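Only one chain is given next, in structure tokens, and it is the form deposited in one PDB entry.
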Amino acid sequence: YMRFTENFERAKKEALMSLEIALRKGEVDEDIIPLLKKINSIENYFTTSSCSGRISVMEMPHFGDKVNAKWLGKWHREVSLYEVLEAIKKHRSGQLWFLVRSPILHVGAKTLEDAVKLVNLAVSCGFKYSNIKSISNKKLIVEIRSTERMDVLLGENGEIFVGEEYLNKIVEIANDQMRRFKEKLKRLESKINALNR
């Protein structure tokens, strides 16, 4: 027996209300709202801030409003070439990166047993980077994440090293990854029901 188990009841209550506020404010990635509700509908789990896949364009270390990272564009869906080019034109200082980030789910678990089952289920659904992120006397957080990450260096200090055709290939590749996130995210949602009891 352990403290996070003792505190699970209180933790889920807090986490749920926190989620209701987020839903009421339309600040929860739409693609995962059902999935999140299904997970919370299971007795031994609850969700904390999560998010769906996303493509982005950002410069770092930015040189402006005293902020290390500045995002020139953010998309939670497949992107079109000209949208990305428009973001890129805004580049001024630091290194310019085109990123692809996998969807990420944080799930509180009632016991170690619950945590391990969620992890194996997540892995078998294609999310190979799922694991147990942290254990305190308050909660046990499980992290569900996939592997199709991308970190493309496209320029530095205002100078764009690539042209339109090259960037075109990159975009295609990023979309291929996004579509894969969605499918792995569909498999996970269909198998999540069995996890109940």
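All residue numbers are counted from 1 along the displayed sequence. The term rigid core refers to the most C-alpha atoms you can superpose between the two forms while keeping them within 1.5 Å.
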- Stretch with the higher entry mean CA B-factor, where the candidates are 101-109 and 85-93: 85-93
- Query: Going by the B-factors listed in the PDB entry, is the mean over the C-alpha atoms higher for 161-169 or for 25-33?
  - Reply: 25-33
- Message: Among 146, 52, 68, 56, where is the Cα B factor highest in this entry?
- Response: 68
- Query: For residue 17, does the deposited CA B-factor place it in the lowest, middle or highest third of the chain?
  - Reply: highest
- Message: Based on the deposited C-alpha B factors for this chain, I'd like to know if residue 142 is in the lowest, middle or highest third.
- Response: lowest
- Query: Of the three thirds of its chain by CA temperature factor, lowest, middle or highest, which one includes residue 134?
  - Reply: middle
- Entry-reported Cα temperature factor of residue 174, expressed as the chain third it lands in: lowest
- Check where residue 150 lands among this chain's C-alpha B-factors and tell me if it's the lowest, middle or highest third. middle
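The form deposited in another entry exists for this protein as well; it is not shown, and the discussion that follows is about that form.
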- residue 176 C-alpha moves between this form and the one not shown by 2 Å or more, core aligned: no
- Message: Taking 2 Å as the cut-off, check whether the CA of residue 187 shifts that much or more between this form and the one not shown after a rigid core fit.
- Response: no
- Would you say residue 26 moves between this form and the one not shown, meaning its CA shifts by 2 Å or more once the core is fitted? yes
